[PDB]
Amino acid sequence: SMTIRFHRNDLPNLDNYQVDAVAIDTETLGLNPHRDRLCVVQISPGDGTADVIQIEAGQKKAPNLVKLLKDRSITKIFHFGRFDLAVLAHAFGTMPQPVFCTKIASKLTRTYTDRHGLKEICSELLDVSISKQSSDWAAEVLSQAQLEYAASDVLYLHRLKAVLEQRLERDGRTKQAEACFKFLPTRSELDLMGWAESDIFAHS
């Protein structure tokens, strides 16, 4: 079924990543980036396959992945990148950019719903059914079910981006979305710096 390539620590090379956009998600021990370590990076070049990379405790190097994260010619696509960007910057020392977030794009286009989860938009926009799973992602041995769950998070983000970009143009919000994506790395930096619970643009 799923074409999943499993790796320890890092991609082995970038032979599959001669691309201008990658789809990325992560797994962690929880929602606090300072407490809960990075455990898995899942990434797809958009060809319907996924690389699932198991990250070790204390590991701060992943040179091939970091080359993609730093490459300003490659757009890093996330669904709710605000969290993953903070996790990746905290783990590897660089804030990935530029980015596209399918959740922000959903909020700017799918104004007829309050459901902006990945499962929801995959169903509505792609007629794709994905299966939601909490588990210990720091386990020595990840299950096949865990690998498939992680891979499904990145298999469809290129296709979602294509639909959402067209919707943003139809509804006249392309420029505002792009400014949101330009700011999103700073939003994640501010989270790591201590404003994770604050809307910095609010009056009070």
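Position 1 is the first residue in the sequence shown; the rest follow in order.
According to the entry, the stretch of the deposited sequence that connects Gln133 to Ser134 contains 1 to 3 residues lacking coordinates, which leaves a short gap in the model.
Mean CA temperature factor is higher for 145 to 153 when stretches 145 to 153 and 25 to 33 are set side by side in the entry.
According to the PDB record, 135 to 143 carries the higher mean C-alpha B-factor of the two stretches 63 to 71 and 135 to 143. Looking only at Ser129, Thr111, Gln97, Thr102, the residue with the top Cα B factor in the deposited structure is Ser129. Split the chain's modelled residues into thirds by C-alpha temperature factor. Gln42 is in the lowest one.
Annotation for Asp171: C-alpha temperature factor in the middle third relative to the rest of the modelled chain, per the entry.
Residue-level temperature factors show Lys107 in the lowest third of its chain, judged at the C-alpha atom. In this PDB entry, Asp191 carries a Cα temperature factor that places it within the middle third of its chain's modelled residues. Among the modelled residues of its chain, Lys119 has a C-alpha B-factor that falls in the highest third, as given in the PDB entry.
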